[PDB]
Structure formats: C-alpha cells, structure tokens
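Read the structure below first, then the notes.
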Amino acid sequence: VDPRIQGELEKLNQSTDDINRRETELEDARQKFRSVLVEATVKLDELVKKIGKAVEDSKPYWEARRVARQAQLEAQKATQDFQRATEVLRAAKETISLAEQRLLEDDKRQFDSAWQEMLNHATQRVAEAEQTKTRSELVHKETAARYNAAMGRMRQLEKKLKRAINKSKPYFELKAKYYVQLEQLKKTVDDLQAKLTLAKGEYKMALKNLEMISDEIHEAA
C-alpha cells in the first residue's frame, strides 16, 4: 500500500531534518562554550603574571572563608533546631502545668475523664522532649563555637594578608563572572544534546515502524 509507507516516510523525513538543526544548534553551543572557556583562561593568566604572589598568599584566607561559610550554616541549623526543641518542652510544660492544677486533689472534677488523656500523653513526651532538647542544646554549643572560631581565623588572616586580599579580589570576581557564564553555556550544551537524543530516538522508531509496515504489506496475498 503506497499510502501506508509514505505516511511513515514523511514522518521519518520531518524527524531527520529536525536533527540537522539540533546537530548544529549543539555544535554552535559547543563551540561558543570552547571560545569562552579559552578566553577565560588566557585573561586570567595575564592577570596572574602581572601580580600573582597575592593570589597564592590569599588562598589561606579564602579557604578560611570557605570553612566559615560551612560553619555558619551548621550553626544556623543548630540554632533553628534548638529553637524547636525549646518549643516542644515548653508546650509539654504548659500542657502539664495547666492540667496539673485542675486534676490534682480533684477540687474541680470537670472533664476529669478527658484531662489525664492529654496529661499522660504529655507525661510520655516530656521524657523524650528533655532528652532531645538537651541534645540539640549541647550541639548548639558545639556549632556556635565552631562558627565563631572559624571567623577568628579569617579575621586574623584578613589582618595578616589584607594587601594580598585586596589585589586578588578583582581576580576572583572576573573568574566568577566567567564561571557563571561558562556555567550558563555548560547547561545549554548539556540539555540541547539530550534534546537531540530524544530527537534521534524518535527518528529510529520510524525505521522500525517501516520495518513492520513493509512486513505487514509483505504478508498480504
């Protein structure tokens, strides 16, 4: 059946012509990635060759800053986890203290069937609430120490290398501007090719639809 195959032919023909774009749109994005990559390294080398001692001397400071960025997130999460651990023990103390007066000696005996049901639930949680609160608190002592200790090294190094630091700041930022640009080009290249794989994939599926259709026509009469 001449129409049966021509329906897959043009379905295959449109898919393979789309690939010719994708192969260029990838190669173009790939080459531009190469071009920015090589310019990034040569403009940064000239900046090192001028005055590059400041760069190596600044590395102990920037590492001491890298350590600090970590310790401050650790301290913040320990801060927020301690803020939660206090709020549970409080709600457990408020629940118990409020329920204590009503039930003790049963001077009031109102909803006395229901009050303990909340008090005993509270009684059980306090055992764990006090465990976990002391836990997060002690960890908060560790992290807040590590935090304000990592700052002390960075600050003292800032005093000890402030000259080298102020000269390497333009170097790191032109490196960062180029990085994020390269990061931008790296992202565009990576998904543009996977887009082609799904394009090539849908092309190869046509060659099987034809391998079967021609086989379906053949097994007729």
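Following the order of the structure tokens, first chain is A, next is B, and so on, with residues numbered from 1 inside each chain and ligands from 1 in the order they appear.
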
Find the residues of range 155-209 of chain A that sit at most 9 Å from range 21-44 of chain A; for each, write down the nearest two atoms and how far apart they are in Å, to one decimal. Count only C-alpha atoms. Sort by chain, then by number going up, and give it as a tab-separated table.
```
residue	atom	partner	partner_atom	distance
A:171	CA	A:44	CA	7.2
A:174	CA	A:44	CA	8.0
A:175	CA	A:44	CA	7.2
A:178	CA	A:40	CA	6.2
A:179	CA	A:40	CA	8.3
A:181	CA	A:36	CA	8.3
A:182	CA	A:33	CA	6.8
A:185	CA	A:33	CA	5.7
A:186	CA	A:33	CA	7.0
A:188	CA	A:29	CA	7.2
A:189	CA	A:29	CA	5.8
A:190	CA	A:26	CA	8.8
A:192	CA	A:26	CA	6.0
A:193	CA	A:26	CA	6.1
A:195	CA	A:22	CA	7.9
A:196	CA	A:22	CA	5.9
A:199	CA	A:22	CA	8.4
```

Item to complete: Name the residues in contact with range 146-155 of chain A at a cut-off of 12 Å, using only C-alpha atoms, excluding same-chain residues fewer than 6 positions from it; report them as a ChimeraX atom specification.
Response: /A:58-79,139-140,161-162,165
